[PDB]
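Going left to right, the sequence shown walks through residues 24 to 53, 59 to 165 as the deposited numbering numbers them. Note that the Cβ used here is the ideal one computed from N, Cα and C, for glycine as well. Input: a single structure, listed below in structure tokens.
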Amino acid sequence: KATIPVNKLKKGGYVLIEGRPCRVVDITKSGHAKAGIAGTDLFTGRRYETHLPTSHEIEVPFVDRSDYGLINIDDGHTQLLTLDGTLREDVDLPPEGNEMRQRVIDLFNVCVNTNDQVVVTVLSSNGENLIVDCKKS
Numbered sequence: 024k025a026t027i028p029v030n031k032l033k034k035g036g037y038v039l040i041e042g043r044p045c046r047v048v049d050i051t052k053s059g060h061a062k063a064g065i066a067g068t069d070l071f072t073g074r075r076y077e078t079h080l081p082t083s084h085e086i087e088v089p090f091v092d093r094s095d096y097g098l099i100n101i102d103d104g105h106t107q108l109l110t111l112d113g114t115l116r117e118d119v120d121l122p123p124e125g126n127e128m129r130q131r132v133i134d135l136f137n138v139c140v141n142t143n144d145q146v147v148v149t150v151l152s153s154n155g156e157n158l159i160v161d162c163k164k165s
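Spelled out as structure tokens, the structure:
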């Protein structure tokens, strides 16, 4: 459990609010010493907000953004090759309604019989994984 003093928070830092990893977008401060923190959920874009004592600390989530080679897609699951040479099978395609789902399927199909490979960018935190970009390699 990594923490930062609330009084050391900056806009753009990462915090956990209601279990959600967020980028800080606004910090308000008040003998009384209380703070209001608003953030953007790194996966869904939703606004979250919390109020804690300024003296206190707040949890900072670990968030990874890495690139992988897309080996297969099957029943909505992906098989990915890390840049260090191992497979991961816990990343699904983005959900229906996220246009990235079609973008990844289509780029995979453009590449499947060619000497190019799709590279996906995956955002990961606390067991949640989302494909946030794709490009040709």
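A distance below 6 Å between beta-carbons, with the five flanking residues on each side excluded, links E85 to the following residues of its chain, in chain order: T26, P28. Here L39 carries a strand assignment [DSSP, helix/strand/coil]. For the stretch 102-129, the continuous beta strand (DSSP E) assignments of 3+ residues that do not extend past its boundaries occur at 105-109, in sequence order. Between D95 and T149 the beta-carbon gap is near 5 Å, inside 8 Å, which marks them as a contact. Under DSSP, the beta-bridge partners assigned to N157 are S152. Nearest to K34 by C-alpha distance, out of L121, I40, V47, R43, is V47.
Scanning its chain for C-beta atoms nearer than 6 Å, with the 5 sequence neighbours on each side dropped, one finds around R43 the residues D69, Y76, in chain order.
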